[PDB]
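Right, one structure below, let's go through it.
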Amino acid sequence: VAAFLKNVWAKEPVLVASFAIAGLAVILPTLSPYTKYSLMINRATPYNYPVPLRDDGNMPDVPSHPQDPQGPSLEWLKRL
Amino acid sequence: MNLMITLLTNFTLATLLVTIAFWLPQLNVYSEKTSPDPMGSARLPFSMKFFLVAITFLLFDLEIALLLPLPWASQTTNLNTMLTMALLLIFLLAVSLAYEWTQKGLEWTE
Amino acid sequence: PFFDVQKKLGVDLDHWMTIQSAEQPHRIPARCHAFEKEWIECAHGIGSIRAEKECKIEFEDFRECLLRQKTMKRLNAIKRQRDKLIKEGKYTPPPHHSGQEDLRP
Amino acid sequence: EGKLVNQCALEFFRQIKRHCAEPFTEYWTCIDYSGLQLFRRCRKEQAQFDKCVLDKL
Amino acid sequence: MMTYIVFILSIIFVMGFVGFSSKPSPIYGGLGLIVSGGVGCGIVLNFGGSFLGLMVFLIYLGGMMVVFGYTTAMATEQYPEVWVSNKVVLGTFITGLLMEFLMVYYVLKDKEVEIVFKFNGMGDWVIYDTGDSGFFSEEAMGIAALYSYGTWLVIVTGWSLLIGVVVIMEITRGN
Amino acid sequence: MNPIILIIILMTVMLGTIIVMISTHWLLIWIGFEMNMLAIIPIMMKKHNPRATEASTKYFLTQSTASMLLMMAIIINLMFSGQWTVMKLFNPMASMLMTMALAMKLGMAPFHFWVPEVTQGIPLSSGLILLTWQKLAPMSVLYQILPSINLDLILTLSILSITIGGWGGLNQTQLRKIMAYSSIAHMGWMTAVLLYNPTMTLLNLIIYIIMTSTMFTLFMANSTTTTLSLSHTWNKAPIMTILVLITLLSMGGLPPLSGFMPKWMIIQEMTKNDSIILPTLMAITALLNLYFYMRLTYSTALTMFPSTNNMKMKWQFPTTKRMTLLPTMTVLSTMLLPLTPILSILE
Amino acid sequence: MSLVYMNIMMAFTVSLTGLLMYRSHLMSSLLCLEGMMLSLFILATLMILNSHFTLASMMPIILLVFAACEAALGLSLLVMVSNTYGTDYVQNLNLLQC
Amino acid sequence: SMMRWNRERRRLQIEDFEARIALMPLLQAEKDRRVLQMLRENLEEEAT
Amino acid sequence: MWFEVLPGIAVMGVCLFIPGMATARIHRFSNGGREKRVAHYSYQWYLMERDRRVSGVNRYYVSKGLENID
Amino acid sequence: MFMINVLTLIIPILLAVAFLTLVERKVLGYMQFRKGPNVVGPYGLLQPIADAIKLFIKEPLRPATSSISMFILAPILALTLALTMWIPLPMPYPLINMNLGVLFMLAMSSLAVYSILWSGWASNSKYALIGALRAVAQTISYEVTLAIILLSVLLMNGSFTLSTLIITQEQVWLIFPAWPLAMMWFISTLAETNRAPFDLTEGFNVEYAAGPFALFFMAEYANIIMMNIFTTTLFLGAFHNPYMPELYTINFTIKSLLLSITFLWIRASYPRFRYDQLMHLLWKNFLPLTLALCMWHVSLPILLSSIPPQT
Ligand SMILES: CCCCCCCCCCCCCCCCCC(=O)OC[C@H](COP(=O)([O-])OCC[N+](C)(C)C)OC(=O)CCCCCCCCCCCCCCCCC
Ligand SMILES: CCCCCCCCCCCCCCCCCC(=O)OC[C@H](COP(=O)(O)OCCN)OC(=O)CCCCCCCCCCCCCCCCC
Ligand SMILES: CCCCCCCCCCCCCCCCCC(=O)OC[C@H](COP(=O)(O)OCCN)OC(=O)CCCCCCCCCCCCCCCCC
Ligand SMILES: CCCCCCCCCCCCCCCCCC(=O)OC[C@H](COP(=O)(O)OCCN)OC(=O)CCCCCCCCCCCCCCCCC
Ligand SMILES: CCCCCCCCCCCCCCCCCC(=O)OC[C@H](COP(=O)(O)OCCN)OC(=O)CCCCCCCCCCCCCCCCC
């Protein structure tokens, strides 16, 4: 499992490089901390119009102006 | 519109250069020549290996046709599913390549 | 033999591509989102036999939204009458259909 | 309501035209040059327009 | 004249199949199908289907019709044709193709305008630019959704392509 | 063929039929038919002889034409309905195209002209698959689109299929072509009762698959492909002699055997709907099938016996062949008629 | 119905009539079959782009890929025929008359 | 380097999209008045 | 010696420099001294046709500023 | 005004292809310890003009063609696809600015094998047909890794736009995160155009005259210059100031000349592959590494949160 690895690195380095790159491409998106930021950036990219809501009277988490405190903020994206 | 004009101008320049290349030395009255290669009168034998590499091109080209919208699919919200299906398509292209390997399909044009 | 595995197990294998009114990427509407939504909500759950004769108005509105055969028929009628009146010399086109009016926005 | 939009947009631009028409003109000319109209090519004119707007308005 | 252009291409498209459904040869059949693929791709591209037209070129024409011409050229043993000096070897080609465009322009006659003008599409047919879409081709994002939404579709398609490789390698063995 | 590759290809055939059976979408119907054809093409070429390549070529041409006509019917449905649910079709042009395409995939007449050829070109197990498993997917689509199927067209195809599958069985000594014309006649029987009671369609399908599988399993157990080669069964394995022929007496449609179970039930659903002439004509043609197949029964259980001397050597060796489910399928293809009201499980 | 759809259907039926009257070769049959597939691609594409139905835009590519794989299968069948007789003639494919 | 620059380009894409979002009410009101102008003109010329 | 290849390389380099310089100067000539408007998307084309309508002379590249509002 | 722009693209392409023959013969001269042409013009600057006037009045071979139409449509298609590959190339702004210029170029280069195939069948020779089938198999083989490498690189771009590819590389060259893709791309473009050491046609279109051979020749060299410019834009993308586009134009011109002379310097250095050895190079060396790097450049912007913008 180690002498076989040295043998296949001696005979066929192309397939060893291919299986190593493919194995890292499989495992490393889960072992990474920055993978969640890909999800967050792709879900915070505004392709549509943010259709507003009628104010029924009791919605504390929804702002009234873009320059309000509450609302989803992208301080993490500006700073990183 | 500009693309169609550009294609038409490229086609016109191509046909003009072909027409000049055929009609300009046919001004010459050089000689009418007679008496018409590694085979003289042999038929063509078919080769199975050339057809195998043509169909291998076609099947991997279909797999590439599936792989083509990946720079657009990177922008989606369901990145775990998108990554799984992208890796699954490239893995199936690799499994098709390994099956082409081990059944001696890539031999004498390896 | 319609073995509805997708309703037994609770998987969505091909329901998402089926109708236009389903969840589209980036919330893109179809051209006939309202008409197909009304034909589906009309004809839901009552079966095909009742759905043919009891939702024909919504279905014909949706078919005419798809093919636009009545709208193309109406535009051909109006354009034919307009061409006949321009040919007879009994009508003149307005400036806002001839191209001398410096469009709105 | 749409006309209300077209009532409030003009009063947006008039309030730029009374106070800060020249940094705004220098800014939208550099916006107007680019083919894709990049914000990333016009940062000093953006800083001048934002500075003059935060001051005068 | 320029308005009816998709319709014009469609007419040429129909005529293109009469190039090879009459079947003069498999090689000229492939040539007529390539020309028909190009003009049907022009029909696709003139509705804003840019990616699908480039799939016609890249996968149908440059991917598959290459293989059809390749397999045809490994069969149907060839023979020479007329090879006199330039009054035959290119002059007959130019007169024949001018008669082909004469046939293309020749069908737009009084039996055509009774269908064209009574059922005028151009003016109200091509409606792909009906309003705004945004910062994205809707057709591009619909093809992009093959990976997030089309999980089962990609599974059965990749399985069919793997089985296609296996099936071709089993039937083309002879043993 | 590599046995792992054989298992993968057979599971792909089953997967294509299952994708046609479970899908609510037309593209997946088309994908399942494409997968089914693509995977069944090496099953026909298991032996690599020119008759299998000819059979696979004819099968590819017919099934590909049927697949393209199916996709044109789907496209015309998307015109006149804007949707993709596998339900009734919203244009009788698309209905006629899908009915013609499914009749081509089943090999119903007048699109029957590939069924006795291809079944002749291929081995007995691949012919078994072609005449049992490949019926299941187009009959499932016909089960799911019957509010749009034209009555006159499906009855025309049904009675033409029964007449041509009847008069095909005269001039044949090949067992595989006789099973193919029996296939054509039984598909006419199945699509006769489709717009009246599709439970009897599924009953006829299950009884047909059981009888066809019993017959092909007996043909594989004896390795006989012609009538004249079947005629030596009495001297080699005498228990094999009658089971073929009581199963074929079932396949004609003859009481008290269970092959009388479909046709009678079909008549039992067509005299309800005031059609008296049409089941009368179809079952007179079934008696014509009895005529030719009873002549084959006389050929094997009686007159044309005589043996050759090398048969004496076959007496010193039993069948080591897998006769898989052959007693079960032989019991289920004859003695099922006293359990005829089991058909309610097929609703 | 509509006009350009009628043209694409006319091409489909013309390549069908070429696919139903064989002259000499099997390659002519495969070419008419793939002209049918091409017309199916064109007509599906114009419907899907017309209605702005977004998720079906992957459908013609699917309709391409499978069917192109189908064509590959057909080409391989032709090759095996041309390895037995030397030509791809459909009249060499008549041994299953008996 | 591609990490930092693709992240910055995503921030620029969000800035351009917010410019679009801030302009969409005016463009939608002008689009509404555009189509109603043209349909009223088509109605009056249809009536004459 | 080795610098003898440089006239041909220079001629080929001028022949490659001419198309890009040419299309940049034509884009600045036909668009009011500026770049050509890139409309890859429907929003860019919508703003572009809005410019063509607000300019009044059927030309998108005539920019109307604050002088066109009161 | 647009036709002026089309002519100022297509005439300097033909002049650059004409003088590429001079640059090739001079650089291959000095690398082979000899001189290249210097007698005809001053330092050889009239050798392309003399060669062109020689080839365009040379006798046609009176070809025994198996077809008229494919014999005429193979040089026509070769020149048309040689010219139309240039129209989306951003220099820094292309002739046809299209959203899918990369995919357009991949499609129009995948269509370029029909000139080879129609030249092969339009000859009566079975040996020329066998050579044409081998060339077609080689070219469609290497188009696979063209497509996969090109896709893997454009996973860092955001879209198939060639002008966006200039915006992508404003901070770093794209050869730094993608040099294995760069070197396999470069050998793959070397093997597309049947360029040495992949030139087994000199180891199919000899049925033609010398004039139509000059047409196939100049289409091949236009493809060489075009793929060098496309590789320059794709991996060594230059700095661009929108107020002075000539900086980008001179910069990618110098890089394109260096990469074309790198083709000229590869062809004067190596022996040819045997045919199965370059099929081994594609199907058993470049294709596993290329698929692994395709998986890598899919999954890498997801794990590094470096997913490029769509627009
Ligand atoms: C874009 C601008 C240009 C880019 C650069 C290109 C310019 C330089 C050109 C030089 C001249 C080329 C002449 C022709 C070349 C043709 C022959 C040739 O070289 O064939 C290719 C050769 C072929 O090798 P071969 O032919 O010797 O192999 C023999 C094979 N067997 C034994 C089976 C017979 O090499 C390759 O295929 C390698 C390609 C590049 C690989 C890059 C890998 C990067 C590293 C990955 C990770 C590895 C470690 C493992 C994981 C570690 C993790 C930490
Ligand atoms: C799980 C991650 C994703 C994996 C899938 C994606 C992979 C991308 C690359 C696809 C490659 C497709 C083709 C692979 C075929 C493998 C079989 C093979 O090549 O066997 C033959 C070979 C012996 O060489 P030979 O036969 O002589 O070659 C002819 C020329 N001389 O035999 C060999 O050379 C041995 C080759 C197999 C063993 C290689 C081991 C590499 C290990 C690298 C480190 C660990 C990586 C982690 C994953 C484990 C991978 C095994
Ligand atoms: C509502 C109902 C829904 C549907 C219900 C279920 C429908 C089932 C339809 C079954 C169709 C089966 C077709 C045949 C099996 C498929 C695989 C196959 O062919 O296996 C046979 C196998 C091949 O072995 P091989 O080595 O190739 O033999 C040839 C000589 N060398 O081995 C042999 O050749 C050995 C010989 C015996 C093979 C017997 C196979 C019988 C299988 C069918 C059983 C009966 C049907 C199922 C039960 C009733 C339900 C209808
Ligand atoms: C973007 C860059 C593109 C660059 C392309 C051009 C590259 C080459 C640049 C110029 C190189 C030198 C050209 C002159 C070569 C020598 C010609 C000459 O003088 O030949 C002498 C010959 C004999 O005449 P005779 O009078 O008898 O001499 C005895 C002395 N009394 O008399 C004659 O031969 C007669 C006179 C002929 C003169 C021909 C000169 C060359 C023509 C080139 C045309 C194309 C130029 C570029 C066009 C596009 C740009 C404007
Ligand atoms: C043997 C015959 C002769 C052989 C030599 C000549 C033919 C072969 C060589 C030339 C090939 C022609 C290719 C034509 C289409 C190329 C693809 C294409 O149009 O892509 C560009 C573009 C898509 O990009 P995108 O930015 O999305 O579009 C603008 C959106 N804002 O889309 C557009 O810009 C769309 C522009 C309008 C549509 C153009 C339609 C062209 C005419 C129809 C096809 C003509 C060729 C037919 C025969 C082909 C034979 C191979």
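Chains: A, B, ... in order of the structure tokens. Residues: from 1 per chain. Ligands: from 1, in order shown.
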
Subject >> Site check for ligand 2: residues at most 9 Å away, only C-alpha atoms and all ligand atoms, as a VMD selection string >> reply: (chain A and resid 4 to 5 8 to 9 11 to 27) or (chain B and resid 87 90 to 102 110) or (chain J and resid 280 284 287 to 293 295)

Output file for the residues above (N, CA and C atoms, as a CSV table (one decimal), in the first residue's frame):
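Contents of selection-v5.csv, as written:
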chain,number,residue,atom,x,y,z
A,4,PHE,N,3.5,-0.4,-3.4
A,4,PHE,CA,2.7,-0.4,-4.5
A,4,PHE,C,2.5,1.1,-5.0
A,5,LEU,N,2.4,2.0,-4.1
A,5,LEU,CA,2.3,3.4,-4.5
A,5,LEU,C,3.6,3.9,-5.1
A,8,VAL,N,3.7,2.4,-8.7
A,8,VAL,CA,2.8,3.0,-9.6
A,8,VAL,C,3.2,4.5,-9.9
A,9,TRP,N,3.9,5.1,-8.9
A,9,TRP,CA,4.5,6.4,-9.2
A,9,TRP,C,5.7,6.3,-10.1
A,11,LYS,N,6.1,3.7,-12.5
A,11,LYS,CA,5.6,3.3,-13.8
A,11,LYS,C,4.7,4.3,-14.5
A,12,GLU,N,3.7,4.7,-13.8
A,12,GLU,CA,2.6,5.5,-14.4
A,12,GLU,C,2.3,6.7,-13.5
A,13,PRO,N,3.1,7.8,-13.6
A,13,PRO,CA,2.9,9.0,-12.8
A,13,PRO,C,1.7,9.8,-13.3
A,14,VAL,N,1.2,9.6,-14.5
A,14,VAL,CA,0.1,10.4,-15.0
A,14,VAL,C,-1.2,9.9,-14.4
A,15,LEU,N,-1.4,8.6,-14.2
A,15,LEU,CA,-2.6,8.1,-13.6
A,15,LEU,C,-2.5,8.4,-12.1
A,16,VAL,N,-1.4,8.4,-11.5
A,16,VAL,CA,-1.3,8.7,-10.0
A,16,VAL,C,-1.6,10.2,-9.8
A,17,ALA,N,-1.2,11.1,-10.7
A,17,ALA,CA,-1.5,12.5,-10.6
A,17,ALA,C,-3.0,12.7,-10.8
A,18,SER,N,-3.6,11.9,-11.8
A,18,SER,CA,-5.0,12.0,-12.1
A,18,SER,C,-5.9,11.6,-10.9
A,19,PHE,N,-5.6,10.4,-10.3
A,19,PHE,CA,-6.3,9.9,-9.2
A,19,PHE,C,-6.1,10.8,-8.0
A,20,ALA,N,-4.9,11.4,-7.8
A,20,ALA,CA,-4.7,12.3,-6.6
A,20,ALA,C,-5.5,13.6,-6.8
A,21,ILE,N,-5.5,14.2,-8.0
A,21,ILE,CA,-6.2,15.4,-8.2
A,21,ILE,C,-7.7,15.2,-8.1
A,22,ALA,N,-8.2,14.0,-8.6
A,22,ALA,CA,-9.6,13.7,-8.5
A,22,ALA,C,-10.0,13.4,-7.1
A,23,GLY,N,-9.2,12.7,-6.3
A,23,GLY,CA,-9.5,12.5,-4.9
A,23,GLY,C,-9.5,13.8,-4.1
A,24,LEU,N,-8.6,14.7,-4.4
A,24,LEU,CA,-8.6,16.0,-3.7
A,24,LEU,C,-9.8,16.8,-4.1
A,25,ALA,N,-10.2,16.8,-5.4
A,25,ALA,CA,-11.4,17.5,-5.8
A,25,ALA,C,-12.7,16.9,-5.2
A,26,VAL,N,-12.7,15.6,-4.9
A,26,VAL,CA,-13.8,15.1,-4.2
A,26,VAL,C,-13.8,15.5,-2.7
A,27,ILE,N,-12.7,15.3,-2.0
A,27,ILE,CA,-12.8,15.3,-0.5
A,27,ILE,C,-12.7,16.8,0.0
B,87,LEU,N,-19.5,16.3,-10.5
B,87,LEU,CA,-18.5,15.3,-10.2
B,87,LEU,C,-19.0,13.9,-10.7
B,90,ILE,N,-18.4,13.9,-14.6
B,90,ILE,CA,-17.0,13.7,-15.0
B,90,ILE,C,-16.5,12.3,-14.6
B,91,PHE,N,-17.0,11.8,-13.4
B,91,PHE,CA,-16.7,10.4,-13.0
B,91,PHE,C,-17.3,9.4,-14.0
B,92,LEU,N,-18.5,9.6,-14.6
B,92,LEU,CA,-19.0,8.7,-15.6
B,92,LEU,C,-18.2,8.8,-16.9
B,93,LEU,N,-17.7,10.0,-17.2
B,93,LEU,CA,-16.8,10.1,-18.4
B,93,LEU,C,-15.5,9.3,-18.1
B,94,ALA,N,-15.0,9.4,-16.9
B,94,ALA,CA,-13.8,8.6,-16.5
B,94,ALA,C,-14.1,7.1,-16.5
B,95,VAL,N,-15.3,6.7,-16.1
B,95,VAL,CA,-15.6,5.3,-16.1
B,95,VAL,C,-15.8,4.7,-17.5
B,96,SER,N,-16.4,5.5,-18.4
B,96,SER,CA,-16.4,5.2,-19.8
B,96,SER,C,-15.0,5.1,-20.4
B,97,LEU,N,-14.1,6.0,-19.9
B,97,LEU,CA,-12.7,5.9,-20.4
B,97,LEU,C,-12.0,4.6,-19.8
B,98,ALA,N,-12.2,4.3,-18.6
B,98,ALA,CA,-11.6,3.1,-18.0
B,98,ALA,C,-12.2,1.8,-18.6
B,99,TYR,N,-13.4,1.8,-19.0
B,99,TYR,CA,-14.0,0.6,-19.7
B,99,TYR,C,-13.5,0.6,-21.1
B,100,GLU,N,-13.2,1.7,-21.7
B,100,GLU,CA,-12.5,1.7,-23.0
B,100,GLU,C,-11.1,1.2,-22.9
B,101,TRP,N,-10.4,1.5,-21.8
B,101,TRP,CA,-9.1,1.0,-21.5
B,101,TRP,C,-9.1,-0.5,-21.4
B,102,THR,N,-9.8,-1.1,-20.4
B,102,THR,CA,-9.6,-2.4,-20.0
B,102,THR,C,-10.1,-3.5,-20.9
B,110,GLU,N,-3.6,3.8,-29.4
B,110,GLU,CA,-3.9,3.8,-27.9
B,110,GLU,C,-4.4,5.1,-27.4
J,280,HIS,N,-2.1,7.5,-28.1
J,280,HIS,CA,-1.8,7.2,-26.7
J,280,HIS,C,-1.6,8.5,-25.8
J,284,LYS,N,-4.7,8.3,-23.3
J,284,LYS,CA,-4.2,7.7,-22.1
J,284,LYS,C,-3.3,8.6,-21.2
J,287,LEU,N,-6.1,12.8,-21.3
J,287,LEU,CA,-7.5,12.7,-21.0
J,287,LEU,C,-7.8,12.4,-19.5
J,288,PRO,N,-7.1,11.5,-18.8
J,288,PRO,CA,-7.2,11.4,-17.4
J,288,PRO,C,-6.8,12.6,-16.6
J,289,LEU,N,-5.7,13.2,-16.9
J,289,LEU,CA,-5.3,14.4,-16.2
J,289,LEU,C,-6.3,15.6,-16.5
J,290,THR,N,-6.8,15.6,-17.7
J,290,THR,CA,-7.7,16.7,-18.1
J,290,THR,C,-9.1,16.5,-17.4
J,291,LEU,N,-9.5,15.3,-17.2
J,291,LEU,CA,-10.7,15.0,-16.5
J,291,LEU,C,-10.6,15.3,-15.0
J,292,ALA,N,-9.4,14.9,-14.4
J,292,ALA,CA,-9.1,15.2,-13.0
J,292,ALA,C,-9.0,16.7,-12.8
J,293,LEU,N,-8.4,17.5,-13.7
J,293,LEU,CA,-8.4,18.9,-13.5
J,293,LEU,C,-9.7,19.6,-13.8
J,295,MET,N,-12.6,18.1,-12.8
J,295,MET,CA,-13.2,17.9,-11.5
J,295,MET,C,-12.6,18.9,-10.5

Subject >> Within 9 Å of chain H: residues of chain J, using only C-alpha atoms, as a PyMOL selection string >> reply: chain J and resi 156-157+168-172+174+177+301+304-311

Could those residues be written to a file, using N, CA, C and O atoms, as a PDB file, in the first residue's frame?
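What ended up in result-v3.pdb:
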ATOM      1  N   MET J 156     -13.280  29.508 -14.103  1.00  0.00           N
ATOM      2  CA  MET J 156     -12.773  30.677 -13.399  1.00  0.00           C
ATOM      3  C   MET J 156     -13.222  31.987 -14.028  1.00  0.00           C
ATOM      4  O   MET J 156     -13.005  33.046 -13.435  1.00  0.00           O
ATOM      5  N   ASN J 157     -13.842  31.938 -15.205  1.00  0.00           N
ATOM      6  CA  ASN J 157     -14.220  33.130 -15.954  1.00  0.00           C
ATOM      7  C   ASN J 157     -15.604  33.637 -15.575  1.00  0.00           C
ATOM      8  O   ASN J 157     -15.792  34.844 -15.396  1.00  0.00           O
ATOM      9  N   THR J 168     -11.220  38.980 -16.242  1.00  0.00           N
ATOM     10  CA  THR J 168     -10.870  37.920 -15.302  1.00  0.00           C
ATOM     11  C   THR J 168      -9.401  37.987 -14.905  1.00  0.00           C
ATOM     12  O   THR J 168      -9.047  37.736 -13.747  1.00  0.00           O
ATOM     13  N   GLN J 169      -8.536  38.384 -15.833  1.00  0.00           N
ATOM     14  CA  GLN J 169      -7.099  38.294 -15.630  1.00  0.00           C
ATOM     15  C   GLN J 169      -6.462  39.659 -15.393  1.00  0.00           C
ATOM     16  O   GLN J 169      -5.307  39.875 -15.764  1.00  0.00           O
ATOM     17  N   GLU J 170      -7.194  40.598 -14.788  1.00  0.00           N
ATOM     18  CA  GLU J 170      -6.607  41.909 -14.541  1.00  0.00           C
ATOM     19  C   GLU J 170      -5.651  41.922 -13.364  1.00  0.00           C
ATOM     20  O   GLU J 170      -4.832  42.840 -13.263  1.00  0.00           O
ATOM     21  N   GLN J 171      -5.739  40.947 -12.468  1.00  0.00           N
ATOM     22  CA  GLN J 171      -4.849  40.914 -11.318  1.00  0.00           C
ATOM     23  C   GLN J 171      -3.705  39.930 -11.484  1.00  0.00           C
ATOM     24  O   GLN J 171      -2.596  40.194 -11.020  1.00  0.00           O
ATOM     25  N   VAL J 172      -3.944  38.804 -12.149  1.00  0.00           N
ATOM     26  CA  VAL J 172      -2.923  37.789 -12.352  1.00  0.00           C
ATOM     27  C   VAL J 172      -3.197  37.147 -13.703  1.00  0.00           C
ATOM     28  O   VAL J 172      -4.326  37.172 -14.197  1.00  0.00           O
ATOM     29  N   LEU J 174      -3.847  33.988 -16.030  1.00  0.00           N
ATOM     30  CA  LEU J 174      -4.574  32.768 -15.736  1.00  0.00           C
ATOM     31  C   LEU J 174      -3.733  31.532 -16.025  1.00  0.00           C
ATOM     32  O   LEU J 174      -4.231  30.410 -15.915  1.00  0.00           O
ATOM     33  N   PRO J 177      -2.917  29.963 -12.006  1.00  0.00           N
ATOM     34  CA  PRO J 177      -3.730  28.895 -11.417  1.00  0.00           C
ATOM     35  C   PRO J 177      -4.049  27.758 -12.369  1.00  0.00           C
ATOM     36  O   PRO J 177      -4.688  26.790 -11.946  1.00  0.00           O
ATOM     37  N   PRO J 301     -13.417  26.467  -7.065  1.00  0.00           N
ATOM     38  CA  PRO J 301     -14.056  27.737  -6.684  1.00  0.00           C
ATOM     39  C   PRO J 301     -15.168  27.577  -5.671  1.00  0.00           C
ATOM     40  O   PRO J 301     -15.503  28.550  -4.991  1.00  0.00           O
ATOM     41  N   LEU J 304     -13.072  27.371  -2.309  1.00  0.00           N
ATOM     42  CA  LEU J 304     -12.354  28.599  -2.003  1.00  0.00           C
ATOM     43  C   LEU J 304     -13.243  29.830  -2.015  1.00  0.00           C
ATOM     44  O   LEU J 304     -12.736  30.932  -1.787  1.00  0.00           O
ATOM     45  N   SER J 305     -14.544  29.656  -2.281  1.00  0.00           N
ATOM     46  CA  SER J 305     -15.529  30.739  -2.392  1.00  0.00           C
ATOM     47  C   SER J 305     -15.120  31.764  -3.442  1.00  0.00           C
ATOM     48  O   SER J 305     -15.336  32.966  -3.286  1.00  0.00           O
ATOM     49  N   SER J 306     -14.530  31.279  -4.528  1.00  0.00           N
ATOM     50  CA  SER J 306     -14.027  32.113  -5.609  1.00  0.00           C
ATOM     51  C   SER J 306     -14.821  31.892  -6.886  1.00  0.00           C
ATOM     52  O   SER J 306     -14.261  31.849  -7.981  1.00  0.00           O
ATOM     53  N   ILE J 307     -16.131  31.727  -6.750  1.00  0.00           N
ATOM     54  CA  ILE J 307     -16.996  31.481  -7.895  1.00  0.00           C
ATOM     55  C   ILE J 307     -17.123  32.780  -8.678  1.00  0.00           C
ATOM     56  O   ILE J 307     -17.536  33.803  -8.118  1.00  0.00           O
ATOM     57  N   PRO J 308     -16.753  32.785  -9.953  1.00  0.00           N
ATOM     58  CA  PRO J 308     -16.708  34.025 -10.726  1.00  0.00           C
ATOM     59  C   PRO J 308     -18.104  34.541 -11.020  1.00  0.00           C
ATOM     60  O   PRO J 308     -19.078  33.778 -10.952  1.00  0.00           O
ATOM     61  N   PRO J 309     -18.251  35.834 -11.308  1.00  0.00           N
ATOM     62  CA  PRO J 309     -19.584  36.368 -11.592  1.00  0.00           C
ATOM     63  C   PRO J 309     -20.119  35.898 -12.930  1.00  0.00           C
ATOM     64  O   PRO J 309     -19.382  35.758 -13.907  1.00  0.00           O
ATOM     65  N   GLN J 310     -21.425  35.633 -12.942  1.00  0.00           N
ATOM     66  CA  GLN J 310     -22.129  35.268 -14.163  1.00  0.00           C
ATOM     67  C   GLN J 310     -22.067  36.378 -15.203  1.00  0.00           C
ATOM     68  O   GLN J 310     -21.732  36.135 -16.366  1.00  0.00           O
ATOM     69  N   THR J 311     -22.380  37.603 -14.803  1.00  0.00           N
ATOM     70  CA  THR J 311     -22.378  38.718 -15.736  1.00  0.00           C
ATOM     71  C   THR J 311     -20.975  39.285 -15.906  1.00  0.00           C
ATOM     72  O   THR J 311     -20.041  38.564 -16.255  1.00  0.00           O
TER      73      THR J 311
END

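The residue that comes closest to chain B, out of E:127, E:89, E:44, E:31 and on the basis of only C-alpha atoms, is E:89.
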
Original post:
Can you list, as a ChimeraX atom specification, every protein, DNA or RNA residue that comes within 12 Å of residue F:218 when you count only C-alpha atoms, leaving out same-chain residues fewer than 2 positions away?
Top reply: /F:124-125,128,175,211-216,220-225,230,233,237,239-248,319,321-327,329-330

Subject >> Spatial neighbours of stretch 193-204 of chain F, max dist 10 Å, only C-alpha atoms, sep filter under 2 positions, as a PyMOL selection string >> reply: (chain C and resi 1) or (chain F and resi 136+139-140+142-144+146-151+154-155+158+186-191+206-210+259-270+272-273+279+340+342-347)

**OP:** Fewer than 4 positions away in the same chain doesn't count, so skip those; otherwise give me all residues within 9 Å of residue I:43, counting only C-alpha atoms, as a VMD selection string.
**Re:** (chain E and resid 132 to 136) or (chain H and resid 20) or (chain I and resid 39 47 to 48)

**OP:** Define the interface residues of chain F facing chain B as those within 12 Å, counting only C-alpha atoms, and report them as a PyMOL selection string.
**Re:** chain F and resi 1-2+5
